[PDB]
Trainee: 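I have a structure I would like to understand better, so I am pasting it below and will then ask my questions one at a time.
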Amino acid sequence: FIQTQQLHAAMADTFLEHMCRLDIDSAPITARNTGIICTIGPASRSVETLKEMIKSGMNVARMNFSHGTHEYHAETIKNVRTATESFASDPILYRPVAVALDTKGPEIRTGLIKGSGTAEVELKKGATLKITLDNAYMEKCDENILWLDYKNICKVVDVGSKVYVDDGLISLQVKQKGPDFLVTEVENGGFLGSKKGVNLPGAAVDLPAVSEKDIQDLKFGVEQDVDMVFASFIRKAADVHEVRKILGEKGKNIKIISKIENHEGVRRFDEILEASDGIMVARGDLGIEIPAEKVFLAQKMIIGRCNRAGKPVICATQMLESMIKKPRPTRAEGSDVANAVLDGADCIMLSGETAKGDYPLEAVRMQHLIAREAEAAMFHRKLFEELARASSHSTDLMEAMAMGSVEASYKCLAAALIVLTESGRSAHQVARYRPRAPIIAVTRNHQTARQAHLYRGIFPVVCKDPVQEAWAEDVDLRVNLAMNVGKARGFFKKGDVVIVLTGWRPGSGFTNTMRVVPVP
Amino acid sequence: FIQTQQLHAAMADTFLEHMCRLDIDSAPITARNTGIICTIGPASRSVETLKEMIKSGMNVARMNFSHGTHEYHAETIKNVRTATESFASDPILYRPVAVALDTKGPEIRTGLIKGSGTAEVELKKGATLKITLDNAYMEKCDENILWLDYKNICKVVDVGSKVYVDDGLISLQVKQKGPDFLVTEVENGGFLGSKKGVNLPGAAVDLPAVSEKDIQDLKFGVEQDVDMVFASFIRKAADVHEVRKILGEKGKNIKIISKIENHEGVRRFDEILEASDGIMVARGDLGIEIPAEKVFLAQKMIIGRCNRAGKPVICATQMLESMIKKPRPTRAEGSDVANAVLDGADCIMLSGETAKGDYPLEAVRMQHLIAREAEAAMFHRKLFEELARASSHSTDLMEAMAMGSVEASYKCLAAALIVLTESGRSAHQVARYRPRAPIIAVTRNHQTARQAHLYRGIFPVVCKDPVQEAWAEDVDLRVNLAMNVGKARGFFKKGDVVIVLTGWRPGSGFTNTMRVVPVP
Amino acid sequence: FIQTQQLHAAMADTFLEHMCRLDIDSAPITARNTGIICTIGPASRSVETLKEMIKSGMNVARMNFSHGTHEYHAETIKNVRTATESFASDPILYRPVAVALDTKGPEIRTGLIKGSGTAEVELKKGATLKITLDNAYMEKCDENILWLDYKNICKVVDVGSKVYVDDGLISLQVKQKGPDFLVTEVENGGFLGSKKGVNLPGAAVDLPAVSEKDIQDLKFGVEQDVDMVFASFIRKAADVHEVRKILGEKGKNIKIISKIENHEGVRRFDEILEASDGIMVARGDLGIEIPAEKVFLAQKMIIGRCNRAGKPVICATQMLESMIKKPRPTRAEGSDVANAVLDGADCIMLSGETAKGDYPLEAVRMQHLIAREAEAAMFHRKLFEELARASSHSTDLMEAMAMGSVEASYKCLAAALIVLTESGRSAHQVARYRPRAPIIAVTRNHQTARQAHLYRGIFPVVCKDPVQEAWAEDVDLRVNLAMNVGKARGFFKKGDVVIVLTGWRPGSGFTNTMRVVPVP
Ligand SMILES: [Mg+2]
Ligand SMILES: [Mg+2]
Ligand SMILES: [Mg+2]
Ligand code: NA
Ligand code: NA
Ligand code: NA
């Protein structure tokens with residue numbers, strides 16, 4: 001008899017002994033708690049494919065507005081919703097699917113090489129290269145002078161600073177500083193193209209929070225009723241407030257996930273986290289700005305502080321990169337996904353793997369499989385104690401209900417926690433203290449359900465029955481709905497035990513009532 | 001502002017830092033969780049005095065059947081019930097009081113010195129002394145031949161074994177065994193009187209679990225409707241079973257507290273504990289049997305394992321000895337009481353301090369003051385974690401409800417936990433996990449209320465209202481009773497938060513429903 | 001086979017499990033680490049008795065200057081040294097004995113009742129009592145007017161303040177305050193005699209750190225070559241500095257132990273600890289000033305903070321009080337001693353038990369027996385981690401060696417740590433991290449050897465051999481001397497393993513060299 005769910009490891013006294021007890025023959029559970037975010041694109045925007053994306057485990061469809069027109073993304077969103085609603089007939093097996101808009105964000109771009117968009121020049125290691133803001137050169141870039149569109153650049157870099165060009169492919173060092181130019185030396189050379197991205201490592205870039213294009217896209221996202229916004233290049237709390245402003249009163253319920261992308265974002269993370277609804281570790285752009293070997297420090301730091309605050313955190317970028325061209329991932333990639341879940345990430349993301357690669361369904365299925373194994377391999381008892389330690393300054397009543405309920409699910413090895421919530425707040429607090437059992441959240445709020453995918457372990461279930469007049473009956477209706485969903489999904493069966501959280505009265509502001517109930 | 005309840009020490013990371021934070025200016029709360037057991041005797045058996053004992057804090061009246069006739073104890077028991085019911089006119093300020101019978105137990109006795117009950121002889125260190133079982137000498141004891149009444153004594157001692165006479169004052173070493181005699185050498189000499197008690201350190205004494213007198217006294221105990229029995233000289237599980245048997249069906253609900261008094265009882269504690277409803281550390285006799293400098297080891301081992309199992313443990317003997325003749329205790333005694341509570345004892349006991357001393361009320365009031373202080377000074381967070389770890393093999397549902405409730409009570413600093421229970425089981429499990437806030441247990445079972453004092457922190461409240469047809473109205477009735485009691489007794493005021501444990505339906509076997517609820 | 005030295009409990013994961021593993025059949029080691037401080041008086045001041053005192057365990061002879069002339073105390077001190085040196089014949093078994101001077105300190109006293117020393121009045125509760133500083137009534141005290149000798153009293157008390165008279169027997173409450181009188185109401189009444197001590201609970205009393213008598217006695221102590229002073233009624237760092245100043249240049253090596261005796265001493269303990277060489281928890285006076293049920297809080301706080309700092313701490317007063325008249329202690333007293341050793345007290349003390357009681361030597365022997373048992377029942381692994389955690393602000397090199405040495409002694413179950421030291425500092429740093437094995441400190445400084453008894457576990461050994469020319473030979477000589485002492489006293493035998501701390505070169509300044517060495 002080998003226990004399931006890495007429960008032998010769970011009983012260890014030390015982290016070391018916990019690790020020593022990880023058992024490849026210990027079966028995980030059916031429920032998968034880590035949300036999977038999929039970037040949609042040419043390889044996956046067909047209604048036929050999106051249906052398989054959902055059945056393969058996609059939870060959130062990410063629209064990258066770095067490219068594509070409003071008409072292009074509108075059609076993808078429609079297909080996503082068409083695919084999503086194709087399962088609506090059976091509300092027991094219906095998976096809510098959320099829509100996320102990833103903004104282009106502010107950028108620094110170079111000019112044209114010899115008036116051409118495809119021309120290139122070779123920069124040689126050690127050579128000289130003057131960066132200019134004189135627009136007489138914006139379409140006349142060459143190996144000796146390079147124009148770019150960030151006019152305050154000289155105000156935020158210093159002599160000795162570095163300028164990266166084209167996703168870090170080329171690095172320049174600022175030797176001299178002038179009124180509207182910089183004289184730099186070519187550290188790493190290579191081929192310089194046209195309208196390439198520029199990164200300024202260490203600089204406090206004073207670009208605005210949103211570009212003029214972001215404002216249009218954000219308004220588009222309001223029109224299209226997106227569930228969340230992945231805001232790019234967030235460097236300070238003010239940037240978040242500005243995105244909140246643009247979304248305004250009509251988008252006040254769309255969640256703002258700040259993408260941490262450069263040094264300042266990491267350094268000012270605490271205030272960014274406080275202002276945001278969630279966080280994305282944008283490891284791709286972060287690894288261009290900061291040294292690559294330091295990215296794991298930022299990831300673990302950010303996930304830890306997000307878990308501490310109970311705010312959703314996303315791990316993104318190149319998690320299964322090799323699966324763009326291959327149907328099986330490398331060992332480093334399976335490691336990276338598992339350690340992302342062990343770190344504490346609420347969601348893991350796929351970008352090129354699902355937007356353009358040849359095996360989008362295999363990438364989704366792999367992440368699903370790894371996450372379930374990593375979820376059981378967590379050291380829940382230690383994790384719970386340390387989260388409770390971190391938040392002990394708070395005497396919040398809902399936190400108390402969450403902690404007691406998660407504590408109870410540990411003790412009796414409950415099969416799930418059923419939480420009735422309209423806003424989702426009660427379910428969020430339960431997910432914050434990291435039960436191993438899945439949280440079945442019943443809501444009559446369709447958006448609450450879609451946004452639930454940002455929190456680890458929340459399985460949203462939409463109740464479409466009218467509110468019963470007798471509160472007790474209305475509670476039991478929704479509880480039995482969760483009971484049926486759980487049985488159908490294979491989360492538990494008759495005779496199992498679940499933790500049920502509800503409101504005592506219709507007027508209760510949170511789930512102030514907890515019950516241990518057998519599954520009927 | 002200086003925090004109350006040693007709550008600054010409560011937030012410490014380590015046991016050392018918790019101790020360093022103990023603050024004499026941090027006032028304890030009103031509620032006192034530790035049960036005070038008072039031996040009733042000439043100094044305290046009057047109705048007038050028994051009333052002041054209840055007001056001072058007595059929770060259990062102990063009748064010591066080492067002396068006294070059934071008539072004497074019957075009247076003592078009557079005066080206790082008379083004094084107790086004198087407050088029954090106010091079901092809100094009524095304090096239940098338990099009745100305990102402490103059996104005399106089996107004994108080893110010597111004979112008469114030179115035919116007189118008052119004669120004596122001097123045993124000299126190194127001299128020879130023959131112990132005989134020949135009844136020809138049972139009234140011819142002298143400094144050469146000593147008769148005693150335990151006839152299997154030769155079957156349980158060896159050459160080299162020690163024999164103790166007169167509560168350890170005299171000790172002998174076996175030098176020769178015979179068929180019905182022992183040749184001994186005097187180790188500790190002294191003056192030997194008649195009919196002194198004998199102790200066999202290290203021996204498995206095959207004396208019956210109960211004496212003829214004990215069987216009579218247990219019969220009397222059932223007739224008198226006693227709540228519990230303190231069973232003397234328990235050496236093995238079989239002994240506990242014989243007491244159980246003797247009590248039979250008629251006494252099946254009387255709690256059996258095994259007194260650990262000698263080496264074997266300590267060595268076989270686990271089986272004894274499993275068979276018993278509770279334990280008493282009978283330090284007095286234990287220190288006669290084993291070296292007095294080791295008693296604290298057994299006391300701490302026994303309390304710890306009782307805490308582990310959730311079974312009541314009583315610390316007894318000389319806790320406030322000097323107050324038999326003085327109105328204030330020594331510093332060793334004040335510290336002994338506080339350390340007994342820090343150890344985890346459910347109840348502390350008074351023997352001569354209340355049975356015959358000059359200041360029985362001051363003794364009770366001193367244990368009351370010390371316990372409250374020591375209770376605040378516990379390290380609840382670590383205690384809870386370690387109790388959870390010790391019982392994590394169990395998945396019992398009531399344990400899950402209790403652990404989640406205590407956990408919740410810690411998070412939101414609940415002023416109390418309210419438990420609705422008829423048998424008391426649900427409340428016993430809350431107490432087992434040692435919250436700092438008091439446990440207000442509402443029961444319609446008077447016996448359940450009296451026996452609740454065996455468990456740390458359970459304030460029993462007898463509901464005398466009639467059951468209501470509507471389960472919700474009956475629950476709400478008893479919950480409001482606990483509210484009114486707590487407000488009248490100063491445990492909490494309007495606006496404070498409490499944890500409320502109830503059965504979801506009339507047929508629920510335990511308190512499967514937990515709520516966080518503000519005090520109205 | 002049962003493990004020794006509670007080594008099974010030592011392998012526990014939690015304090016609960018450690019507590020559950022304490023085993024009365026696990027034999028302790030021969031060496032006793034806790035120092036025994038004996039108050040010498042009429043019962044114990046003869047050379048013959050002092051010889052027995054030493055043989056039974058006395059490490060420090062305490063002279064209470066509360067009473068007695070310089071001539072009387074000088075003769076007692078002389079007898080201590082005569083008895084101590086009667087064993088000097090054998091330098092392998094010789095045991096240094098320290099001499100401590102405990103000052104009388106400042107006092108507040110009342111006048112005579114009705115012009116008599118032997119005459120009393122009854123203060124009925126609720127009556128009125130006027131305190132006056134008018135010397136007219138200094139010999140005319142009665143149940144209406146009460147004189148005392150503290151002229152500034154009105155400046156340190158308020159309306160509502162309390163005044164205690166005759167060691168807390170009588171409690172007054174200041175209801176009206178004049179410029180040289182106080183109108184009080186009697187709270188606790190009693191018979192008031194003449195020239196009784198007064199205590200001002202909670203007051204910032206401004207009596208001098210030392211009295212005129214204290215100054216003469218401290219000077220006497222310097223002439224008498226005492227090893228340490230017990231300074232009474234220490235309320236603030238400045239008081240310590242005054243005592244230090246009085247001892248002056250010639251007494252700069254005499255260690256100052258501050259006696260904490262009232263509220264201000266506990267609240268300002270930190271600045272007192274920083275300025276003191278050591279601390280005494282003077283529980284008797286402390287429980288007169290502060291409510292007796294709080295004393296254990298102050299004891300455990302003070303001991304924890306002294307351990308944290310590595311400074312000696314003494315637990316004093318009424319540990320075996322009943323043994324003044326009885327040859328065996330109570331269970332509360334045995335427990336009090338054990339728990340003081342478990343708290344972490346470097347030394348435990350006897351006062352009247354040895355100074356005037358009927359059983360001085362039985363008292364010493366009982367403390368010796370208890371300490372060894374309690375020393376084994378410590379949770380060394382947890383204690384070491386927490387001490388290391390508390391002191392991590394220090395990167396001291398000798399501290400590093402000490403921790404490394406204790407760690408090593410735990411790992412290989414070393415039978416002893418051998419430390420070569422002239423000042424004792426290296427041995428002190430080892431002692432503060434609490435090895436379970438004894439510390440044999442070899443010193444050529446006789447005063448170092450005597451003062452070493454202040455630190456848990458330091459067995460001092462005076463080297464009397466001249467200094468060898470070859471440093472390596474002089475080291476080998478002293479190490480071997482330690483080996484023979486350890487073997488002679490039964491600390492270890494050939495083939496056991498010990499940790500040896502030495503100086504690499506004669507001027508290293510501390511033990512910078514650690515070796516694991518088998519006993520030859
Ligand atoms: Mg970017
Ligand atoms: Mg007995
Ligand atoms: Mg004093
Ligand atoms: Na909610
Ligand atoms: Na129950
Ligand atoms: Na040294």
Side-chain angles (χ1 to χ4, degrees), chain A residues 396-399 401-402 405 418-431 439 441-445 448 451-452 455 458 460 478 501-504 506-513, chain B residues 396-399 401-402 418-431 439 441-445 448 452 455 458 460 478 501-504 506-513, chain C residues 64-66 102-109 164 167-168 197-200 205 207 211 214 230-235 239 258-262 264-265 280-290 316-317 351:
Chain A
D396 179 77
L397 287 197
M398 183 53 231
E399 289 191 49
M401 298 293 314
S405 300
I418 297 164
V419 181
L420 274 49
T421 179
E422 295 309 326
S423 68
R425 294 190 218 87
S426 291
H428 299 155
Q429 289 306 302
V430 175
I439 306 169
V442 180
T443 187
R444 288 188 172 105
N445 185 322
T448 298
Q451 301 181 326
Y455 302 76
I458 310 186
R478 294 178 282 180
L501 271 172
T502 58
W504 188 249
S508 308
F510 62 105
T511 58
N512 60 348
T513 306
Chain B
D396 179 82
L397 293 196
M398 183 59 229
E399 286 186 55
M401 295 297 299
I418 302 175
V419 181
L420 271 45
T421 180
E422 306 308 321
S423 60
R425 270 179 222 105
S426 293
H428 301 169
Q429 289 304 313
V430 178
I439 306 170
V442 178
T443 190
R444 287 185 166 102
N445 184 326
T448 294
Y455 299 79
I458 300 186
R478 291 173 283 164
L501 277 167
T502 62
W504 188 252
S508 311
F510 60 102
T511 55
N512 61 349
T513 305
Chain C
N64 191 344
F65 272 66
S66 237
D102 190 320
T103 69
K104 173 166 145 83
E107 283 183 348
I108 306 170
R109 290 292 180 167
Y164 292 171
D167 283 351
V198 183
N199 297 87
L200 302 182
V205 183
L207 299 172
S211 75
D214 294 332
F230 299 166
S232 294
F233 201 55
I234 293 301
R235 287 140 292 152
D239 294 349
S258 286
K259 297 171 68 183
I260 302 302
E261 313 194 13
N262 78 337
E264 189 173 22
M280 180 197 295
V281 197
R283 300 189 303 179
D285 288 353
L286 196 62
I288 290 161
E289 297 262 358
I290 79 167
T317 299
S351 286

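Read the numbers this way: they start at 1 and go in the same order the structure lists the ligands and their atoms. Per chain, numbering begins at 1; letters A, B, ... match sequence-line order. No hydrogens, no waters, no symmetry mates; every other heavy atom, side chains included, goes into these values.
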Trainee: Please check this pair: side chain of A:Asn512 against backbone of A:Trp504, looking for a donor-acceptor N/O pair closer than 3.5 Å.
Mentor: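 Confirmed, A:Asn512 side chain pairs with A:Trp504 backbone.
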Trainee: Looking at B:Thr511, is its backbone amide N or carbonyl O close enough to the side chain of B:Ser426 to form a donor-acceptor pair, meaning the two atoms are under 3.5 Å apart?
Mentor: yes
Trainee: Apply the side-chain contact (heavy atoms from CB on, under 4.5 Å) test between C:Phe233 and each candidate in C:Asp285, C:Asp239, C:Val205; give the one that qualifies.
Mentor: C:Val205
Trainee: Verify the distance test for A:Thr511 against the Na ion (ligand 4): any N/O/S atom under 3.0 Å, yes or no.
Mentor: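 No - counting backbone and side chain alike, A:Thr511 has no N, O or S atom under 3.0 Å.
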Trainee: Tell me, which protein N/O/S atoms are under 2.8 Å away from the Mg ion (ligand 3)?
Mentor: C:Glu261 OE1, C:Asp285 OD2
Trainee: Please indicate whether C:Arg109 has more than 12 foreign heavy atoms, meaning atoms of other residues, nucleotides or ligands, lying under 6.0 Å from its CZ.
Mentor: yes
Trainee: Should B:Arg478 and B:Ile418 be marked as a side-chain contact (heavy atoms from CB on, under 4.5 Å) after you check the CA-CA gap, both sets of side-chain angles, and the distance that decides it?
Mentor: CA-CA 9 Å; B:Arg478 291 173 283 164; B:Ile418 302 175; over 6 Å; no
Trainee: Taking atom types as modelled, find out whether A:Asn445 and A:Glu422 have a side-chain donor-acceptor pair closer than 3.5 angstrom.
Mentor: no
